[PDB]
Amino acid sequence: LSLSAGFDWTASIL
Amino acid sequence: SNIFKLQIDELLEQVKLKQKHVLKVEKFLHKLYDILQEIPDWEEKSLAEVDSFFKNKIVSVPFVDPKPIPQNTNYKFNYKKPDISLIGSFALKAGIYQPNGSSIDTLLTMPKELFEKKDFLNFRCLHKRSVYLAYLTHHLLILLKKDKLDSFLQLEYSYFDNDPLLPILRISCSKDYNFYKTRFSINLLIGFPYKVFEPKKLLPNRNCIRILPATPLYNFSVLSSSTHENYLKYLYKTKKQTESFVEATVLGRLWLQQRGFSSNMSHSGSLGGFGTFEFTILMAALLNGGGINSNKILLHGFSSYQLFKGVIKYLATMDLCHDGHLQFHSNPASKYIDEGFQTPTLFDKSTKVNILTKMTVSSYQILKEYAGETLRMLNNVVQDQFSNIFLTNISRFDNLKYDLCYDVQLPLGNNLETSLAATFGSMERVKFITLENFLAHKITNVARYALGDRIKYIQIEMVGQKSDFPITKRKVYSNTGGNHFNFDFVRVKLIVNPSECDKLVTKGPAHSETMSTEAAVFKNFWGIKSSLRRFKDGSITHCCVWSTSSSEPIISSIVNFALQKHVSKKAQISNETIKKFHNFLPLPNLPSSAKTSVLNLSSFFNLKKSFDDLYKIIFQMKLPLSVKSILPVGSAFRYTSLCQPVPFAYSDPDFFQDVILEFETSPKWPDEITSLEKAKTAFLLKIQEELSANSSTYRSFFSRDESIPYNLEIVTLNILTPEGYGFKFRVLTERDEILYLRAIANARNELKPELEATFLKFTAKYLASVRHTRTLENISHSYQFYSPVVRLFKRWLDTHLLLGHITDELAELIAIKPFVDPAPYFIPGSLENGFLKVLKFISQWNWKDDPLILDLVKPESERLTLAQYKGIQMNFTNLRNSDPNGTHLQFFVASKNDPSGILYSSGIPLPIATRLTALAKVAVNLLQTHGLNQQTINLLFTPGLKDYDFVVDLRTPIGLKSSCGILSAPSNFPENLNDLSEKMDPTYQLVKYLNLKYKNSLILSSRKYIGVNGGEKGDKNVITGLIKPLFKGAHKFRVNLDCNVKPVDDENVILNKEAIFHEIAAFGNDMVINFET
Amino acid sequence: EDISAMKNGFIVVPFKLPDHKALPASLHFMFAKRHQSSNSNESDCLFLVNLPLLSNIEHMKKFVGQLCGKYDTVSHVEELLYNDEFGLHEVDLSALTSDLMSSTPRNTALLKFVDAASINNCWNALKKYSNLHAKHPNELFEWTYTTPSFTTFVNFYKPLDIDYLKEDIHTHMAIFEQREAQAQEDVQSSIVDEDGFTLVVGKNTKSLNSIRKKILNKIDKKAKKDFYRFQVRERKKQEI
C-alpha cells in the first residue's frame, strides 16, 4: 500500500 | 490581559452545560430517591446465609480480594435505610458539557449502627459495604422492573476512581425519564458516616491489615469513604465567599484532560489522580493560606485568571512529594511544612486524610512539569497561548506525548507464572492491595533505578485494564486475566534526557575499603553486568558497560536487561517502531558505522577539520586584496545533510559544500555586474594557481552556477581536499548587493517584480545563508535530537518527491518548530517523537491564515519582543491582503534572520504546498485509524505515484550507492576530473530545466537523492508530472499559450502529451526506460 | 488530420518523432507565419511557434535542406533570432545596471533567411509540406532531437577549460577599462553647452549616464508668526 492523497490545486484542502 | 479575559468567557460559554438536560436529570434521580426509600430493611445475617440468599439471585456481591472466608467472616451483615445525598461537581454546580458524557455522584451513608468501632481492620467494614451495595442492587432491579423503567436503564458495577476496594453501582440510560440525550449517568457511592472510626488510627503511617507495615491506600480508602459530605460543605463555603470559584474550577477542569489527568487511580498505572476535586480542594487550602508564613497566596477577590495562575504557579515551584508538604483545615491557616513524606501529600488535620494518596511518585513530577511549562506560557506576553493551554489535547497519542514506549509481555498470559505470583507474596498484599499495583511499582523502581539520569520521567501503564463488570459477577474479568489479573500487557513509557541518554557507561558508587550500601545495591542490581573500572582522571568506581548501535538506543538494552533480571526472566521487551525510523536514516560508509549512535556528529566534525586545513592555506596566500573572512555555509556544517559526509563519496549531491569567501573592501571593483563577477572569477583563478603550486596534494576545478536567474557569468571553484571532501567557493562583494538594488530601480515597472525575485534568491544564498548556518549550528547543540530528525524529515520529502520544489532551509525551519515552540508538548528526545510532531504540526497548520514565526534561541537575549513580533504579523496581513488565496505564497516562515517571511518559501507551486499538507493529514489520520507499527511506518515512507498524471521510470548506468557513502566504493578521486561526470545522477538537474520550459503547463518532480531512495542498487529514479487544469482541456490557439499543443479544429488546440514524452525520452537518453501515462 | 492552416494564418508544420524503446506515428507540430518588420535584423524572418526542445540554427538547416531537396527549392537560413527555451536571456542585466559594455513572447522564435528569394521559396515549400499530413503522413520529415549542441548541453557536469577562461576574462577586463577610462574623461572635460553653460561635475564621477540617473532619481522655518502689525492683530482677534 501507499500514502496517497488527492492532489488539490485550488487550496481547498486547507 | 483583556484579550485573555474575553477568551476565557468565550471558552466557558462553549462548554457550559445546557440547562434543559439539567432539569431532565433532576426529574429522574429525584424519582430514584423515592425508589431508594422504597427498599425494605434487613436483619442481622452471617456470610453463610447471605451466600444462600444471593446463591440463586442474578446479583452477585462484589467482594474485594481476599474474599471473606467462613472462618474469618464471623462478623454479621445487615442492611438499613441510607441517608440519600448528592455530592460531586454536580452538587457544587461546577460541571460542564462533555461529549463523552459526565457523571452524577449520589452518596448513600450507611447508618452508624451497622458498624463496630474496630470495623476498619482486616477489610471488616468494606465487606459490610459490599453486601449493602449488593442488597440495594437486588431491590433496585425488581423495583426498576415494577416501574417499567428497566427498558431503557442498564445497570453494572464499577470501581470508584478505579479503586478496586470501592465497588459502586453504575446507572446509565440507553437510547419521559429517558436521560440518554443528557449524556449523564448516575453513580451510587456507598460512603460511611463521618467519624465512625478514629481518624488517628487511619493515618498513612498506621496499619489496618494485620499480618507491621503501613497501609496508606486502604487507610485512605476507608477514611475517604467516611469523608464525602464534609468536603462538600468545605467547598460550598469557598464558592460562596469568592465569586470566581466555579470559573477557576472549570478552567482547571479543562486543563486536566488536555494533559490526560483524571481523578482515577494512578498506582494501577494510569496517569491521573488529579481531578477537579484535588484541584478545587487545593483552591480552598490556598485561599485559606498556603505560604511558609501561613500568608494567603490567593485572595477571594481574585478573578478566574488570577485564581488559576497562582496554583499553576503553586504546583510548579513548591514541591509536595519529596521535600515539603502542605497542611490545611477543612473544618487553621494552611501552612507549608519543609519536611516531606517522600510521596505527594496534601494533609488535612481536621479530617486526617491525605488526598494525594492516589498520586504516584512518578506522576507527580510529570504533573509538576506541566504546571511549570504552562506557567512560562502564562507569563508569556509576546505570543498568545490561550489555545495551547486549553484547546489542544496532548494525550491523543502516547508516542507524541512520550519519547520512548516499550511493551512488555508477561509470561503465562490463565494466570501468572508461579514464580511471579510468588514474588508478590503475602508481605505486599498489605502494602499493595492488588498485583497490578504491585507490578507497576516493581517495574517503575527497577526501570527508574536502571536508567537513572538517562530519563526525566517514567510512566507505566496497564493496557487493557477494565473498571466496570456485570452485576452477575463479583470482580472484573480480563480475557487474558481469567479473574486473576485485570490487564492485557504493560507499556513502559519514557521521557528520555538527550544530554545523557546515549552515555556509554552508567556511573555508580565509588570504590572504598568497605563496600558501602550504595555499592551493595549497585553490584546486586546489575550483577555480572556490574564492574569496577578506572578512568584517566584516576577515579575508581563501580561501572557497567553498554554498546551503541545505529538501530536502537542504549535505553532499549538497559530496560531489557534490567527488567528481565529482576521482574521475570521470561518477559518479552520489544520496541520495533523506533527501530524502523533508525534504519530509515542512511547508514554511512565509515568505520564502525553500525556501532555509531544516531546522536554522534563525528562525521560532520571530520569535515570541519579538513576545511580548517584549507582554511589556513587560503589566508597565508598572498592576493591583491586581503581576505576578510571565509564563512562555510554548507549543509554538513550545520549538521543537516541527508547522508553523513563520507571521504571520496562524491556521488552524494551534498558532497560539494558551499563556502562564502569575502575579501577586504576596495573601491576598484567593476561597477558593471558582468564585469564585477569576471573580476570575482579572476580572484578564484589566482587562488587556483598558487594553490596548485604550493599545495599540489589538493585538486581543484571550476564550475558555473545558474541559481541566480539571468546571472549567467557566475563561476565557482570546487576544491577536492586530500582527506576526500569537496568544497565549493564563491565570492561575496559589498558592491554586489547594491548593484542588485540598482538593478531593481532601473527596471521597467513590469519587470521590477521579476528583478526583485532575482535579488531574493541572491540574499538567500549569500547574505541570509551565512546567518542561517550560524544560528542553526549553535542551537543544534542544545537540541541533540534536532540533528537526526531533520534528515529523516528531508528523507520523507524525497520519497514523496517534494525536496525538488522545497528549498533545504524551509524543511529545516519547519523541522525546528517543535523545539523552539514545543508547547503544548515537551522538547522531543527521540527520533520517532520529533518526526511525528513535525508531521502533526503540518497536519494542523493553516498556512493561509496562520503565520509561522520562530525564536531561534536556546531553551530557557535574541527573543522576539512585542514590537518586532507585531511587525511580523503586520507583514503577514499585508501579504495575505494582496494574496488572500495564497497562490503566490503559501508558507510564511519568518524569524529574526528573515523578518520578511518570504525568503525561503517563495516560488513553490501551490500543488506541492497542498501536497505537503495533504500527506501530513493522511499520515496523522493513518496513525489515528491504525496505531503505530511496522506496517504503518512502511506505509508512511513509500510513495503512491498514482495520482501523478504520467510517471517516467529511469535507471542509471551504474549503481550510485557506494559512491554516495551509504552502506547497504571509491577510495580516491579520478585522475581525470571529467570522469566525475560518469558517476553522477543528473535527474535532479534534468527536472529543473524541464520545469522552466514547461512551467506554464507541467510540474515535473524527481527524487533528488537516488542512492537513498533508488531501490537496492540506488540506480532507479522517477520523473512524475502534472498537467494544469487549463491546458488539460482544449484551448483556442494563441501566440501567448506558450505550450506544445496539437490542432484539433481550425481554432482549437490540445496538449500534445506524447510529444512531451519523446522530448523527455531524448533528454533522458539511455536513463529513460519506461513511460506510464 | 485534414488541418493544413490555422484561420489566423499559422501554417501547421508536422514532424515525425524519433523511435525510442521507452516510447513504442507520433508527431510534433510546429506553427509558422510570415514575419513582417521594418527593422533590418528582423526583416526576412519567419515567425515560428511550438519549437522542439533545444532547436538551434543547425536544426533548421537540416529541415530546410530536406525541404529544399524534396521541392527542389533554393532556401538558406541565416540565423534563428530570439531562441530562449529556458528564459535565461529575457532580461539584459548588463545593459540595465550600466550602459558600458551593453548599449541595449515565449516558445517562439524568428527564423531569419539570407534573402527574400529564400523565404518565398521556403514558405511555398511549407504549404506543400503541410498538405502532406492530410494525404500521405508517412512521407513526413523526422526530427532527430540530437546535435553537437545537444551533446554539449547534455553533459552538464563538465569542468570548463581554464585556458579558455583566462583569455575570456583578459579580453573583457581590457575592453571595460578602455570604456571606463573614456567615460571618466568625458565627464571631467569641461563640458559646455552651445549657450555657454558649463556643466558641473563632482570629483570621483565616472559616467555621464550616472549623472542623468541622479537627476531622474531626485522659508517655512524662517517664517515668523508674529512680526508684522497685522499678525499680532490676528493673534489679538483670536485671543478674545
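Protein chains in written order, with UniProt numbering: chain A, 1401 to 1414; chain B, 100 to 274, 282 to 317, 326 to 445, 453 to 534, 537 to 983, 1009 to 1116, 1128 to 1236; chain C, 4 to 27, 32 to 111, 120 to 233, 249 to 270.
Using N, Cα and C, we set each Cβ at its ideal position, and we do this for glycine too.
Within a 10 Å sphere around the beta-carbon of residue 1056/B sit 16 or more other beta-carbons, which makes this residue buried. Within the same chain, Cβ atoms closer than 6 Å to the Cβ of residue 754/B are found at 783, 893, the five residues on either side in sequence being excluded. Residue 653/B has 667/B as its beta-bridge partners, per DSSP.
The straight-line gap separating the alpha-carbon atoms of residue 253/C and residue 261/C is approximately 12 Å. The shortest C-alpha to C-alpha distance from residue 202/C to any of 192/C, 16/C, 216/C is the one to 216/C. For residue 479/B, not one C-beta of chain A is nearer than 8 Å to its own C-beta. Collapsing the DSSP output to three states places residue 475/B in a strand.
Annotated as distal: residue 888/B and residue 779/B, with beta-carbon spacing of 8 Å or more. Rounded to whole angstroms, the gap between the alpha carbons of residue 1111/B and residue 757/B is 20 Å.
It is roughly 25 Å from the alpha-carbon of residue 204/C to the alpha-carbon of residue 798/B.
Rounded to the nearest angstrom, the gap between the Cα atoms of residue 159/B and residue 219/B is 23 Å.
Leaving aside the five residues that flank residue 309/B on each side, the residues in its chain whose CB is nearer than 8 Å to its CB run, in chain order, 333, 473. Following the DSSP letters along the chain, one finds residue 343/B inside the alpha helix (DSSP H) bounded by residues 343-355. A residue is called buried when at least 16 other Cβ atoms come within 10 angstroms of its Cβ; residue 264/B meets this threshold and is buried.
Per DSSP, reduced to three states, the secondary structure at residue 436/B is coil, with no helix or strand assignment.
Non-local beta-carbon contacts of residue 491/B in its own chain, meaning distances under 7 Å to residues more than five positions away in sequence, involve 373 in chain order. Residue pairing by DSSP places residue 157/C opposite 19/C in a beta bridge. At a cut-off of 8 Å between beta-carbon atoms, residue 211/C makes no contact with chain B. Within the region 711-765 of chain B, the complete alpha helix (DSSP H) segments at least 4 residues long are 725-743, listed from N- to C-terminus. Rounded to the nearest angstrom, the gap between the Cα atoms of residue 205/B and residue 645/B is 51 Å. It is roughly 12 Å from the alpha-carbon of residue 219/C to the alpha-carbon of residue 226/C. For the C-beta of residue 196/C, not a single chain B residue is nearer than 7 Å; the gap to the nearest is close to 13 Å. Secondary structure at residue 631/B: strand, using DSSP grouped into helix, strand and coil. The count of Cβ pairs closer than 8 Å, one atom from the region 568-577 of chain B and one from the region 604-620 of chain B, reaches three, so the stretches are in contact. For residue 1235/B, the enclosing beta strand (DSSP E) stretches over residues 1231-1235. Contact fails between the region 1132-1140 of chain B and the region 1170-1190 of chain B, because fewer than three Cβ pairs, one in each stretch, are under 8 Å apart.
Three or more Cβ pairs closer than 8 Å define a contact, and the region 738-747 of chain B falls short of that threshold against the region 712-722 of chain B.
When DSSP states are grouped into helix, strand and coil, residue 262/B belongs to the coil group. Residue 1070/B has a beta carbon lying within less than 8 Å of a beta carbon in chain A. Among the residues facing chain C, residue 887/B is not included, as its CB has no counterpart in that chain under 8 Å away. Nearest to residue 407/B by C-alpha distance, out of 441/B, 1195/B, 425/B, is 441/B.
Rounded to whole angstroms, residue 399/B and residue 257/B show a C-alpha spacing of 31 Å. For residue 145/C, the nearest beta carbon of chain B is not closer than 8 Å to its own beta carbon.
Assignment of residue 415/B by DSSP, reduced to helix, strand and coil, places it in the coil class. With a cutoff of 8 Å on beta-carbon distance, residue 209/B and residue 259/B are scored as not near each other. Chain-order list of chain C residues neighbouring residue 1196/B: 9, 11, 13, 38, by C-beta distance under 8 Å.
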